[PDB]
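Quick setup: one chain, the form deposited in one PDB entry, written in C-alpha cells, and binding and motion questions come after.
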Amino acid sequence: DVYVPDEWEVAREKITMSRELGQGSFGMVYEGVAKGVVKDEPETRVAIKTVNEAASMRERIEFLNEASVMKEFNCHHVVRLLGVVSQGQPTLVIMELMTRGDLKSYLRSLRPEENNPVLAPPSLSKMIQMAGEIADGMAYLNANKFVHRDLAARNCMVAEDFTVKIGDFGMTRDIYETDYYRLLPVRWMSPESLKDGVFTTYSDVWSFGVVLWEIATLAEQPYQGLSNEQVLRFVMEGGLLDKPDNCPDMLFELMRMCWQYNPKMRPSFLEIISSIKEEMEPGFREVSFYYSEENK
C-alpha cells in the first residue's frame, strides 16, 4: 500500500508510446522511445507497461510495487527496468526492449512449417550460448539472494542481437495456460517442490535443465504423453525426461546434472557457466556477471 517516488521517476514528456507488444498482467504493453532513461541518450527503444483506464488505485499501487523488484538488478542477462511514471495517468513502468519476444515463442517460431525450405535446428554452439546467458542471469539473481521459482523458456526473453535474458516477472503467457496446474508450473518443478512446495536455487537449477530440454526440442511440452497428475507422480518417483532427438550427449549430460534427485547434488549456476565458459562468445567475458567483480 502506497508508492513513494524515487530516483527511477521519469517525466511523462520523455515517453512516447507506439506499437502494441501484447497484453500484460495490469494492462497493455507497448513499444516506443524514451529520452534520458539510458544515461543522457535522447532516443532509446523501450517497452512500456501500462495500467488499464478502468483499474483502481489499489491495482495501480500493486503494479508499481511489483515492478519495483527489478530496480535492485543491474545485469546484462536480466531484462532491465529503465524508468517509472507514477505521477498522473496512465501509470507507466519503462523496461528494456526485447524485440524477439519470449524464448518459448522464439523456439516455436524455428519449427518447420510445407514444401518450402527451413533453417536447420539451432547448432550446439548456439544452444550453449543461450545456456550460458540464462545461467549467468540466474547466477546473478542467486548472488542477489533471489529464488526465481518460475524459470522456463516462456520466462526468458530474446533481444534483437539474439541475446537471451531472464524476462520480466509475472509477464508470462497469456497463451501458456497449459504450462500451469492448480497456480504451479508442475512440468518445470523439482521433486522436492512438488512434495513440500519449497523452492531454492537448487530447484531453479532443475528448471534450468528443463529450459535446456526446451531449447533442444524447440519448446515441446515436457512429459508430452503424460497428464499434470501423471507428471507429479513420475517426477517424484525419480522419472526423467528422455534425451531429445539429435541432441548432443554434452547438452543432455548437463540436463542430467540439473536433474539429480538430491538438490545438493545438482551443480550451481556458477558451476554450469564454468563447464561451458570456453564455448561462450568472446564478448561474454566483458558483459557477464560471471566475469564481473561482483562474483566473489
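Between two forms, the rigid core is the largest collection of C-alphas that superpose within 1.5 Å. We number the residues from 1 along the sequence you see.
If you look for the form deposited in another entry, you will not find it shown, but the lines that follow are about it.
Asks: With the two forms fitted on the rigid core, I'd like to know which residue in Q87, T99, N144, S125 is displaced by 2 angstroms or more at its CA between this form and the one not shown.
Replies: By this measure, the answer is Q87.
Asks: Tell me, please, whether between this form and the one not shown the C-alpha of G27 is shifted by 2 Å or more, with the rigid core used for superposition.
Replies: It does shift by 2 Å or more.
Asks: Can we say the CA of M265 moves by at least 2 Å between this form and the one not shown when the core is superposed?
Replies: No, the C-alpha position differs by under 2 Å between this form and the one not shown.
Asks: Can we say the CA of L241 moves by at least 2 Å between this form and the one not shown when the core is superposed?
Replies: The answer is no, as the C-alpha of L241 shifts between this form and the one not shown by less than 2 Å after core alignment.
Asks: Do the C-alpha atoms of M189 and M171 sit closer or farther apart in the other entry than they do here, given a shift of 3 Å or more?
Replies: Relative to the displayed form, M189 and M171 draw closer in the other entry - a change of at least 3 Å between their C-alphas.
Asks: Look at the CA atoms of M171 and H148: state whether they lie closer or farther apart in the other entry than in this form, given a difference of 3 Å or more.
Replies: Distance between the C-alphas of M171 and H148: shorter in the other entry, by 3 Å or more.
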